[PDB]
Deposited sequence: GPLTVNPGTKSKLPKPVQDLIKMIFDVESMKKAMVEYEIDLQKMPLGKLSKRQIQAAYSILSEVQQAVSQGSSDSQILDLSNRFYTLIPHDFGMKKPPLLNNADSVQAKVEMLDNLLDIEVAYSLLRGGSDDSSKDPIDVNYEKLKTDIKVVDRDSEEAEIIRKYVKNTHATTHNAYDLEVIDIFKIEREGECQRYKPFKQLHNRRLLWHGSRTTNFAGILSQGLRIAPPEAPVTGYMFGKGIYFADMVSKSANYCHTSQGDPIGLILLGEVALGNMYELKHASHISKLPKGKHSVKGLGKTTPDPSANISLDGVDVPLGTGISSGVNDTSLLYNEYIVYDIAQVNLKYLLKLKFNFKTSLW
C-alpha cells in the first residue's frame, strides 16, 4: 500500500489515468489504431508544429490550392485521424491546441514507461514534486477559498465552483531557479488553469513557453506563460463538462517586475527596457483596495469590480511572463465544477 495521504493518492490516480489520456485522443479524432499512446514522440509533435507554421506561411503568402492541400496531407500523415482542410488561422490554431495537449500527454506516458511499494508512490516520485495537503481550516485555505469565491466572474455563470482539495507544491529545482527573479518585486499569486491530462507534464517540467517550431499567431501577447487574477477565466482552460466535473488549477507566484500594460494584442518580440512582464487590461478587475498579502506575496483576491478601462479586447485581466524562471508554483487546487 501507499504512505501518501488519500488526497495525494487520488491526485496521482487522476494525473496518471491512462484511460483519460486515450479518451482525449479519441476526442481529437486521432486514429488510435494507427497511433496509440505508446507511439507518440517529441520529434513527431515537433515536426507537426513545423508543418503548421508552414501552413500559416503559405496562407499569409496566399499559396495555391494544391500547395495548401499538400501540407494538410503531410499533417494528417504525421498525425493520423479517423477532416478539416488547414487553410485559415482558426483551423491551424485548433491544431496547435491539440498538439500542446498531446505534447503533455506524451510526457505523462513516457514517465510511466520509465523507471523500474505501491505504483502510486513510485509515480509520485517521477514527478520530482513535493505535494503536501493544506488543511481545510488553515489560514492558507481561508484565503485561497476567498480568492476563489471573490474572483469568480459574472459572465462565467454556467457553473458554480467548489474547492475540494488544496495542495502545497514544491517542484524540484524551481526555487534555486526562481531566487534571482525575486529582486524584481511586484510578486503576485496568480491563476493558471490547464487540462487534467497536462498536469503530469506541468509538475515534471513546470510551466513551459511554446516551442520556437510552433506558429506565432493565435497568441494575444506572444509566446509566454499566461496567468489570470479571476479564478473562472483560468477555470475555463480546465475544459470540464458533464462527464468531468473535477478540474485542476494552479496558484503560482509570478515575479512580474515592471508590467508593460496593454489593451490590444501585440507580438512581443522584445520587452521594452525596464519592463519584465505584460499585463492585459480587462473591463473587469479585482477590487484594487481589497488586496491581501500572504508570505510576502500580493494576493489580488478582491471581488471583481468594473474597471474604468474602455476600448479593450479583454473582459478580464491577464499576466504574461517570458522567462520560465519567473514562475514559482505554490498551490494546486482540485475543483468541482457544479453545472447548471
query: Deposited positions lacking CA coordinates; finding: 1-9, 92-96, 131-134, 359-362
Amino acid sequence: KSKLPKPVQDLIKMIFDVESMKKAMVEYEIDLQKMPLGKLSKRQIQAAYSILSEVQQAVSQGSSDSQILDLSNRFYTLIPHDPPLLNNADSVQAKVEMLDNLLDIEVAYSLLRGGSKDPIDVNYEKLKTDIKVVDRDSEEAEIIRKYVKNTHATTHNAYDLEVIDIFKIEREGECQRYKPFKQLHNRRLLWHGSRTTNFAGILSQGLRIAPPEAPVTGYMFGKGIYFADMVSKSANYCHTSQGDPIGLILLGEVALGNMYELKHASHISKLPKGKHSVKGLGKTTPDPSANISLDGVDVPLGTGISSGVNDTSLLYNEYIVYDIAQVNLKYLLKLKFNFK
From here on, numbers count along this sequence of modelled residues.
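Rigid core (definition): largest C-alpha set, two forms, superposition within 1.5 Å.
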| query | finding |
| --- | --- |
| Comparing 224-232 and 86-94 where Cα RMS over structures and residues is taken in 4 other deposited structures of this protein (core fit), larger one | 86-94 |
| Segment of greater CA departure in 4 other deposited structures of this protein, 127-135 or 260-268, core superposed | 260-268 |
| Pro245: gap in at least one third of other compared structures | no |
| No coordinates for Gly274 in a third or more of the other PDB entries | no |
| Mean C-alpha B-factor comparison - 107-115 and 238-246, higher one | 238-246 |
| 273-281 versus 27-35 - which carries the larger mean C-alpha B factor in the record | 27-35 |
| Residue of maximum C-alpha B factor among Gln183, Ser232, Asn258, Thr197, per deposited coordinates | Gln183 |
| Criterion, highest CA B-factor; candidates, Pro212, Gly206, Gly252, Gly224 | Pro212 |
| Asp323 - which third its CA temperature factor falls in, relative to the rest of the chain | lowest |
| Entry-reported Cα temperature factor of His267, expressed as the chain third it lands in | highest |
| Chain-relative CA temperature factor third for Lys334 | lowest |
| Chain thirds of CA B-factor: placement of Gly304 | middle |
| Position of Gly218 among the chain's modelled residues by C-alpha B-factor, lowest, middle or highest third | highest |
